[PDB]
2 protein chains.
Amino acid sequence: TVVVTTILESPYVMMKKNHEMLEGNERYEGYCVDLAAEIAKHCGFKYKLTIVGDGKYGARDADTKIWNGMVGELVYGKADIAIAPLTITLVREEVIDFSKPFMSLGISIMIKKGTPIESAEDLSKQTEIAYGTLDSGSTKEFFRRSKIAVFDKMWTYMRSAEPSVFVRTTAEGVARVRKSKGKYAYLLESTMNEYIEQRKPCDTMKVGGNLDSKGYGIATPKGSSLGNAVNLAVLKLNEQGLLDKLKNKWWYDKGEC
Amino acid sequence: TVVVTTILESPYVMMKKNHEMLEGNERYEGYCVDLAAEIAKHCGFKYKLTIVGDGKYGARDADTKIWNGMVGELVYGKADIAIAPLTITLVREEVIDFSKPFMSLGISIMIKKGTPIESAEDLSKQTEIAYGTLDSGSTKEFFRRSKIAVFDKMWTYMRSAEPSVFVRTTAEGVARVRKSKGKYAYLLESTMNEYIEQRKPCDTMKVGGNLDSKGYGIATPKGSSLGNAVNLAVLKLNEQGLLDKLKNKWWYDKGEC
Ligand SMILES: O=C1N=c2cc([N+](=O)[O-])c([N+](=O)[O-])cc2=NC1=O
Ligand SMILES: O=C1N=c2cc([N+](=O)[O-])c([N+](=O)[O-])cc2=NC1=O
């Protein structure tokens with residue numbers, strides 16, 4: 001039985017309301033739960049969904065050299081595959097294998113409806129409306145390293161803004177936008193942004209085009225005997241229109257706004 | 001010296017007008033020429049750019065079983081690597097390996113400026129403005145296989161439309177949009193659509209969102225000693241902003257509109 005590590009991130013993997021009455025894989029629902037069943041069908045395996053212990057995606061502590069999260073579970077042999085919204089990055093790709101992306105995304109801007117901001121350029125031209133990113137990760141790194149005039153200006157502002165515009169978690173960034181009365185905008189991944197936009201109380205909005213591009217992929221330990229088939233399954237599912245069907249299902253069909 | 005196969009497709013690879021006075025890789029210019037140099041540098045190999053003999057991407061004859069194009073050049077050992085706008089697809093990944101995508105794209109609609117069409121649903125609700133795809137390939141198959149009502153409606157129309165709405169080449173689909181006085185819309189790659197949008201006479205426009213998601217990838221034979229490095233180089237180039245810099249350079253900085 002293949003041990004699948006995943007993460008409780010909506011709408012990818014969520015506990016069903018009546019989860020206490022259920023056991024195993026049936027306790028969960030979501031985009032990745034559906035995707036897991038599809039991957040298993042196309043690769044011919046049985047699996048057990050397990051939520052990553054530390055609730056993380058996966059980063060390497062710079063001093064201790066240790067990997068946490070789902071990446072850590074793969075690197076250390078605790079799971080056979082990770083079917084979750086895990087970003088395909090260079091550092092991760094160096095220690096684990098990734099399938100081709102099953103979903104594309106990029107940095108975007110989330111505002112509280114009513115806020116007079118329509119782009120990154122709008123944000124950069126003022127300070128009245130504070131804006132920031134998660135305190136660590138791809139979005140923060142993008143701005144810190146950017147050579148582009150507009151993004152570099154946003155970085156100079158964010159890195160010295162007081163009080164701090166950085167947040168510890170994505171939920172905090174979304175909550176800060178919602179409870180800041182039009183005075184805060186949050187830079188986060190487009191997928192999460194468009195998802196929140198379809199959730200009650202329907203008070204947020206995604207503005208402007210994506211600032212960069214990246215993709216989520218299914219991961220397996222380096223040299224895994226599942227890698228090849230998993231990759232082919234992703235490509236097949238995309239061409240069959242299934243990946244798009246699942247995106248529409250969990251974001252819009254199940255939307256509230 | 002690595003033998004790289006590529007294709008003369010703008011703005012990816014263009015033969016400099018004064019190529020006779022030039023030698024080797026210096027005879028060409030374009031997005032893929034710049035990409036080849038970056039990949040070569042980040043993988044530590046010397047290479048020679050060659051233009052695919054039959055000028056094709058790579059398709060397997062339903063009867064002959066023979067692979068044409070760049071894919072054929074790889075599976076038959078005529079080239080070690082393909083650095084071109086080669087779409088990552090299931091049929092091709094069955095016989096060659098693809099790196100993570102260096103460019104994202106999807107089926108899009110090209111119209112003559114002024115055409116009262118903003119989406120696929122708009123096209124599907126009328127017949128006055130004819131629309132079609134290349135007479136063979138990915139975009140045609142997308143419509144033929146779709147279970148989505150709008151796309152199925154569009155297929156039923158294109159299949160029996162008279163005069164024929166299918167074109168022999170991409171250049172013909174583009175020329176047909178330009179010369180049909182707003183009475184023809186062309187379905188093609190978003191990358192090519194946005195490229196043509198930046199070329200004189202500046203009479204075309206990309207409208208609506210992409211109907212699907214695909215990516216271009218660097219291709220190498222199965223078991224290639226170049227596979228791992230190439231993959232890492234693509235991710236690094238994306239994270240350092242180089243791929244976005246490259247596209248902006250060839251599509252917009254050099255744009256004529
Ligand atoms: O791998 C990752 N995947 C992510 C996926 C999401 N997600 O939205 O699914 C988010 N996020 O919530 O912004 C952050 C992420 N950070 C990561 O490091
Ligand atoms: O792999 C391929 N790559 C393509 C790239 C392009 N391109 O973007 O130049 C086109 N197109 O433009 O139609 C068609 C393609 N067809 C293919 O089958």
Side-chain angles (χ1 to χ4, degrees), chain A residues 42 87-107 137 139 141-143 146 148 151-152 190 194 209-217 222-223 227 229-248, chain B residues 42 87-95 97-107 138-139 142-144 146 148-152 190 194 209-218 223 227-241 243-245 247-248:
Chain A
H42 286 102
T87 309
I88 300 170
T89 62
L90 173 59
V91 299
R92 295 177 168 162
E93 183 95 19
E94 288 183 320
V95 304
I96 58 177
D97 286 338
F98 277 105
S99 67
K100 294 299 182 302
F102 64 83
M103 200 179 281
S104 294
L105 54 321
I107 296 169
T139 303
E141 278 314 296
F142 175 79
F143 286 102
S146 185
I148 299 297
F151 304 144
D152 176 35
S190 59
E194 59 205 9
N210 294 357
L211 277 29
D212 67 357
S213 69
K214 69 203 67 175
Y216 296 152
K222 243 180 171 57
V230 171
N231 183 55
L232 297 175
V234 172
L235 297 188
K236 185 177 178 97
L237 290 173
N238 186 224
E239 290 169 20
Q240 283 179 352
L242 189 277
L243 299 184
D244 286 338
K245 186 169 78 174
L246 256 28
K247 177 77 179 297
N248 178 75
Chain B
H42 283 87
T87 59
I88 303 175
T89 66
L90 183 65
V91 289
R92 296 181 173 144
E93 183 105 56
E94 301 284 8
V95 298
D97 291 333
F98 275 108
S99 67
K100 292 304 188 291
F102 63 82
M103 196 169 285
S104 299
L105 59 138
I107 297 171
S138 249
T139 305
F142 173 85
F143 288 101
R144 185 210 300 280
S146 182
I148 299 306
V150 169
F151 307 148
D152 179 68
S190 57
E194 59 208 355
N210 293 353
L211 309 186
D212 74 350
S213 294
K214 317 162 174 173
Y216 290 149
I218 294 174
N228 182 74
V230 167
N231 208 75
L232 295 187
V234 171
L235 292 173
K236 155 131 62 157
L237 291 175
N238 189 224
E239 292 175 17
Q240 292 174 342
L243 296 185
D244 284 347
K245 185 183 175 188
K247 182 164 188 205
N248 178 72

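Below, chain A is the first sequence line, B the second, and so on; all start at residue 1.
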Calculate, to the nearest 0.5 Å, the distance between atoms [atom1] and [atom2] belonging to [X] and [Y] respectively.
X      : Y      : atom1 : atom2 : result
A:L235 : B:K214 : CG    : NZ    : 13.0 Å
B:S138 : A:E239 : OG    : CD    : 6.5 Å
B:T89  : A:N238 : OG1   : CG    : 11.0 Å

Partners meeting side-chain hydrogen bond (donor to acceptor under 3.5 Å, both in side chains) with B:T87 (sequence neighbours left out):
B:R92
Could you tell me which residues satisfy side-chain hydrogen bond (donor to acceptor under 3.5 Å, both in side chains) with A:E93, sequence neighbours excluded, listed by chain and number?
B:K100, B:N231
Kindly give the heavy-atom pair with the smallest separation between A:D212 and B:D244, and that separation in Å.
CA-OD2, 4.1 Å
Take A:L232 and B:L90 through the side chain to side chain contact (heavy atoms under 4.5 Å, CB included) test and state the conclusion after the steps.
CA-CA 6 Å; A:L232 297 175; B:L90 183 65; 3.8 Å; yes
